[PDB]
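First comes the structure, then the notes that go with it.
There are 2 protein chains.
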Amino acid sequence: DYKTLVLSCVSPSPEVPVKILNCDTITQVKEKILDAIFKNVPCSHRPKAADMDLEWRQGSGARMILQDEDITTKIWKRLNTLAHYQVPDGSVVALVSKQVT
Amino acid sequence: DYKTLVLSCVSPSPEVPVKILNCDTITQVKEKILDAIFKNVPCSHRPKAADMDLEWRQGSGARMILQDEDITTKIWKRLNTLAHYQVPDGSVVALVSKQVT
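Below, the structure is given as structure tokens:
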């Protein structure tokens, strides 16, 4: 499948609606979100996709970390996408920094 | 010193005048040039500063490669800047890809 959906991204202030594809890997999703939320920051001074995690803030109140590979990936392993996780259009998401230590 | 100057950057079409500081390292100069010349390309799909070299296209007709460290660096080594190379305001420059093999 190759379809667009919208994610409502929490500001790193109002949420920002960002278009991505349902077939983008989670790393590719994170890249598009960073492009939107840090649009006026030079590339050199933006956080990198690989240093951040995507957090799905469900209507249930659960906050789930989505990534390219986890316990939900089926083994050749296909990289995880929003379609893999069945994320609905309009879902609320945040980017969360990774602990370095 | 901490002063601005303009470089006239060859399109990767007309040259693009880009502001940088005379104390920016050459890597920092390259980053600012990339920000200008690829402004509408997402960060993910831009060439990286470290994979490109800065070429000074002198009025003499000479084309010189400038970089953070070379035979002109004096030894603790300070990283090279445009002031180090005595590049005049308004100089013409290009970004050149590095051979990978």
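Going down the list, the sequences are from chains E and A.
Mapped onto the UniProt record's numbering, the consecutive letters of the first sequence carry residue numbers 1496 to 1507, 1512 to 1574, 1578 to 1603.
Mapped onto the UniProt record's numbering, the consecutive letters of the second sequence carry residue numbers 1496 to 1507, 1512 to 1574, 1578 to 1603.
Idealized CB from N, CA, C, for every residue including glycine.
Simplified DSSP assignment, three categories, for residue i
{"i": "residue 1571/A", "result": "coil"}
{"i": "residue 1603/E", "result": "coil"}
{"i": "residue 1533/E", "result": "helix"}
{"i": "residue 1504/A", "result": "strand"}
{"i": "residue 1595/A", "result": "strand"}
{"i": "residue 1550/A", "result": "helix"}
{"i": "residue 1517/A", "result": "strand"}
{"i": "residue 1584/E", "result": "helix"}
Below-8 Å beta-carbon distance, residue i vs any chain A residue
{"i": "residue 1523/E", "result": "no"}
{"i": "residue 1516/E", "result": "no"}
{"i": "residue 1554/E", "result": "no"}
{"i": "residue 1550/E", "result": "no"}
{"i": "residue 1546/E", "result": "no"}
Residue of the options minimising C-alpha distance to residue i
{"i": "residue 1531/A", "options": "1596/A, 1603/A, 1600/A, 1580/A", "result": "1596/A"}
{"i": "residue 1569/E", "options": "1547/E, 1581/E, 1561/E", "result": "1581/E"}
{"i": "residue 1518/A", "options": "1503/A, 1525/A, 1524/A, 1526/A", "result": "1503/A"}
{"i": "residue 1561/E", "options": "1501/E, 1594/E, 1523/E", "result": "1594/E"}
{"i": "residue 1604/E", "options": "1584/E, 1574/E, 1564/E", "result": "Because chain E in this structure spans residues 1496 to 1603, residue 1604/E falls outside the shown range and cannot be described."}
{"i": "residue 1513/A", "options": "1536/A, 1545/A, 1501/A", "result": "1536/A"}
{"i": "residue 1521/A", "options": "1584/A, 1590/A, 1566/A", "result": "1584/A"}
{"i": "residue 1555/E", "options": "1548/E, 1592/E, 1540/E, 1533/E", "result": "1592/E"}
{"i": "residue 1558/A", "options": "1543/A, 1590/A, 1544/A, 1573/A", "result": "1590/A"}
{"i": "residue 1549/E", "options": "1538/E, 1540/E, 1500/E, 1525/E", "result": "1525/E"}
{"i": "residue 1541/E", "options": "1533/A, 1602/A, 1574/A", "result": "1533/A"}
{"i": "residue 1506/A", "options": "1573/A, 1579/A, 1578/A, 1538/A", "result": "1538/A"}
{"i": "residue 1527/E", "options": "1603/E, 1547/E, 1571/E", "result": "1547/E"}
{"i": "residue 1529/A", "options": "1498/A, 1567/A, 1572/A, 1571/A", "result": "1567/A"}
Cutoff 8 Å: residue i Cβ touching any chain E Cβ
{"i": "residue 1530/A", "result": "yes"}
{"i": "residue 1562/A", "result": "no"}
{"i": "residue 1541/A", "result": "yes"}
{"i": "residue 1534/A", "result": "yes"}
Contact set between residue i and chain E, taken where Cβ atoms lie within less than 9 Å
{"i": "residue 1512/A", "result": "Those do not exist, as residue 1512/A stays about 22 Å from chain E at its closest Cβ, beyond 9 Å."}
Beta-carbon neighbours of residue i, restricted to chain A and to distances below 9 Å
{"i": "residue 1504/E", "result": "Ordered by position in chain A, no residue passes the 9 Å Cβ test against residue 1504/E, which lies about 16 Å from the chain."}
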